[PDB]
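Heads up, the thing below is written out as structure tokens.
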Amino acid sequence: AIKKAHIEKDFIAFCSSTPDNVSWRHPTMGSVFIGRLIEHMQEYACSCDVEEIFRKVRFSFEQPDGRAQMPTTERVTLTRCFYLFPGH
Amino acid sequence: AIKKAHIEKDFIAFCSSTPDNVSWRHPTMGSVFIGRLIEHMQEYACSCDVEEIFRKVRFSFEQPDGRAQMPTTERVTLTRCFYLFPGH
Amino acid sequence: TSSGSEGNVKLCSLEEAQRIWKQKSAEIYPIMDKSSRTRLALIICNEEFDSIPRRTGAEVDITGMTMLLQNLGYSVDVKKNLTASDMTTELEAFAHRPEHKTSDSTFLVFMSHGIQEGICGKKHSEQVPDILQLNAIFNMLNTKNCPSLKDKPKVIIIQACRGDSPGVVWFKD
Amino acid sequence: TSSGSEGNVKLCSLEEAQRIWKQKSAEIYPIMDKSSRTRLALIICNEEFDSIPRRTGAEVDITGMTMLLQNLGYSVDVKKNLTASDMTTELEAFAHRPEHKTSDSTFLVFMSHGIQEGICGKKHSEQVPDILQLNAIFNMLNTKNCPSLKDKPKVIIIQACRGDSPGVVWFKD
């Protein structure tokens, strides 16, 4: 038999900046958002779900310098916590 | 002295459905998303932050019926957990 | 008991609050003293329209949300049956309120008919659209246009359709 | 040690995993058996463009993200210097991959120049735009267009500007 399912569910998007605004990339060090995300994923994947990790990434950008940006979580339809369980 | 601040920060939006899609409202019982949100806020404001509560609301909609919808969290720049601490 | 100011909202006890402050270090939004804080919330609900069907049951939504936000400690302003221009004016006035300075947070609730483009005003028709965009709400409440809510949680709740689609697809088990 | 498959990603121990499964009941996405699962991830990175400046340092981003996603158990497909049409074709191919059926999740990474409207393709200019919209990414990976990822987390990561603005406002202390 046929059943109904939500057309859009279990998505999360994470953008490098807020709408209208620039995102920064160092010529040798790479994109600041990308580098910051990797660092947080390496540290917190073991203990935090993805939504929590992304929030921590946002917090790390809180104090604006000469090259400011605020990463944004978008269009979230995660119905559960997504833990990566690294090593498993 | 003057200092820089992020133009957009500490926002969270919670929409009744996914983009392109309908949201339902009962003529006497009210909007299903609104009613569901109140119930979850009453139950979980004491123990969960707003992002967690909204996720629980999304989960409650997971099994689609004849009137299906999937509430969506949008444009999130919360840098911390927002706990309501009801009673405080 | 539901006779208190918090009504049917379950209370956070002292032990529960300290457990919350212990599980997470410096990653929680600060709350202001209950005795002196002036929390504000805004509800805009459109029920009666010029060209589109009446939103029967909206009064239930208004009642439920108003009481909930009050239970949570917010003083609630309720505005009904507005054009997109009226909503913009009201949002601008809300951002200018002196109470936000001595507040720790805000809630904005929008309830109306909706299309793909955004939220419908009272005068909306397919021929002559009357739409408030979500982007405008954010812009009007951001650090530039509402400096009093800098560093404070701004929660936006929207009840409305976002298009004509049922939001479903079929699958076989 | 960082000599293993997980590299510099800190491991979740057995005690940590069980604490995670105890703190929360039935509100965690299920993970498939490590021995049999076929996790896929896609990276699309545009560095060399026809009309807009070279994205120097993109190779660092590619390396870091590729290794991280591998560390996390994903097989990573890397695609470079694509038009918006090429990105659409690649995303459609990715959604059709047989491995998603025996996978529990996916990661999509997009890295390019960006404007208000979306993500720039290799041929982008102000005169003749070459843009992939975020909405298209979601549409191509949803339950209709990618039934194999039904009920599974789909994480989209986007490095790009979203306009010309510095994203700041001044205030006095």
Side-chain angles (χ1 to χ4, degrees), chain A residues 13-25 31-34 36 54 57-58 61-76, chain B residues 3-13 15 19 72-79, chain C residues 84 87-88 91-92 95 108 116-119 131-147 149-154 156 158, chain D residues 46 52-53 55 84 110-121 124-126 129-138 156-171:
Chain A
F14 197 22
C15 298
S16 51
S17 55
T18 44
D20 304 330
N21 304 138
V22 297
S23 296
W24 298 96
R25 169 184 38 80
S31 302
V32 56
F33 168 72
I34 295 299
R36 198 74 56 84
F54 296 172
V57 172
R58 293 195 297 269
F61 279 97
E62 193 161 55
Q63 302 300 324
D65 55 82
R67 279 96 172 191
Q69 71 192 81
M70 180 47 60
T72 313
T73 297
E74 305 271 34
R75 204 161 164 167
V76 191
Chain B
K3 273 193 171 180
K4 294 182 178 185
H6 295 285
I7 195 170
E8 181 177 329
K9 195 170 68 68
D10 318 288
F11 276 104
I12 186 165
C15 298
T72 313
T73 297
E74 305 271 34
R75 204 161 164 167
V76 191
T77 46
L78 298 178
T79 57
Chain C
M87 286 187 273
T88 299
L91 224 39
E92 217 160 62
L108 289 305
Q116 214 169 51
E117 287 86 340
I119 306 154
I131 299 302
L132 175 70
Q133 293 177 65
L134 179 51
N135 188 61
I137 302 164
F138 279 82
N139 283 177
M140 281 181 269
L141 274 293
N142 69 198
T143 309
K144 203 166 192 68
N145 295 122
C146 188
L149 289 174
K150 178 196 188 288
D151 293 329
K152 298 162 191 184
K154 297 162 279 285
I156 303 161
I158 307 155
Chain D
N46 293 165
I52 45 176
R55 291 186 66 252
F110 297 85
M111 308 184 291
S112 191
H113 281 305
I115 59 167
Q116 214 169 51
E117 287 86 340
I119 306 154
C120 303
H124 176 82
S125 67
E126 199 180 353
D130 188 28
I131 299 302
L132 175 70
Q133 293 177 65
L134 179 51
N135 188 61
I137 302 164
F138 279 82
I156 303 161
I157 298 154
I158 307 155
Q159 164 64 38
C161 290
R162 302 181 77 177
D164 295 305
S165 297
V168 285
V169 65
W170 298 100
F171 72 98

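Order of the sequence lines fixes the chain letters, A, B, ..., with proteins taken first and strands second; residue numbering starts at 1 for each chain.
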Rounded to the nearest 0.5 Å, what's the gap from [atom1] on [X] to [atom2] on [Y]? Could you check?
| X | Y | atom1 | atom2 | result |
| --- | --- | --- | --- | --- |
| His113(D) | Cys161(D) | NE2 | SG | 8.0 Å |
| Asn142(C) | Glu8(B) | CG | CD | 6.5 Å |
| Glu74(A) | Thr77(B) | CD | OG1 | 9.0 Å |
| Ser112(D) | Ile52(D) | OG | CD1 | 6.0 Å |
| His6(B) | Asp151(C) | NE2 | CG | 9.0 Å |
| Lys144(C) | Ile7(B) | NZ | CD1 | 5.0 Å |

Contacts of [X] that satisfy side-chain contact (heavy atoms from CB on, under 4.5 Å) - sequence neighbours left out:
| X | result |
| --- | --- |
| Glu92(C) | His96(C) |
| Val32(A) | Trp24(A), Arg36(A), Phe61(A), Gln69(A) |
| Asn135(D) | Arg75(A), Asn139(D) |
| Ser165(D) | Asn21(A) |

Taking the side chain as every heavy atom from C-beta outward, state whether [X] and [Y] have any atom pair closer than 4.5 Å.
| X | Y | answer |
| --- | --- | --- |
| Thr143(C) | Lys150(C) | yes |
| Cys120(D) | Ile131(D) | yes |
| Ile157(D) | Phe33(A) | yes |
| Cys15(A) | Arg162(D) | yes |
| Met111(D) | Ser16(A) | no |
| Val22(A) | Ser17(A) | no |
| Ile115(D) | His124(D) | yes |
| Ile137(D) | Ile119(D) | yes |

>> With salt bridge (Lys or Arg N to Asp or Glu O under 4.0 Å) as the rule and sequence neighbours excluded, what pairs involving residues 134-143 of chain C come up?
In response: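 Matches after skipping sequence neighbours: none remain.
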> Who pairs with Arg25(A) by salt bridge (charged side-chain N to carboxylate O under 4.0 Å, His left out), at least two apart in sequence or on another chain?
Replying inline: none
>> Using the salt bridge (charged side-chain N to carboxylate O under 4.0 Å, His left out) criterion, which residues pair with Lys154(C)? Sequence neighbours excluded.
In response: none
>> The test is side-chain contact (heavy atoms from CB on, under 4.5 Å); show your working for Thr79(B) and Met70(A) and say whether it passes.
In response: CA-CA 9 Å; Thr79(B) 57; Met70(A) 180 47 60; 4.2 Å; yes
> Hey, is the main chain of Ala84(D) close enough, under 3.5 Å, to the side chain of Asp130(D) for a donor-acceptor pair?
Replying inline: yes
Under the rule for side-chain hydrogen bond (donor to acceptor under 3.5 Å, both in side chains), what residues qualify as partners of [X], not counting sequence neighbours?
| X | value |
| --- | --- |
| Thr72(B) | none |
| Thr73(A) | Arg58(A) |
| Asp20(A) | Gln116(D) |

>> What verdict does the side-chain contact (heavy atoms from CB on, under 4.5 Å) test give for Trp170(D) and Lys4(B), after you've listed the backbone C-alpha separation in whole Å, the side-chain angles of each residue and the deciding distance to 0.1 Å?
In response: CA-CA 5 Å; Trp170(D) 298 100; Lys4(B) 294 182 178 185; 3.7 Å; yes
>> Within the supplied structure, the quantity of interest is the number of heavy atoms (other residues, nucleotides, ligands) at a distance under 6.0 Å from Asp65(A) CG; does it exceed 12?
In response: yes
>> Walk me through whether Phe138(D) and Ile156(D) qualify under side-chain contact (heavy atoms from CB on, under 4.5 Å).
In response: CA-CA 9 Å; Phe138(D) 279 82; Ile156(D) 303 161; 3.7 Å; yes
> Sequence neighbours excluded, which residues qualify as ring-ring contact (aromatic ring centres under 6.0 Å, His included) partners of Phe54(A)?
Replying inline: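 By the ring-ring contact (aromatic ring centres under 6.0 Å, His included) rule, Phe54(A) matches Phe14(A).
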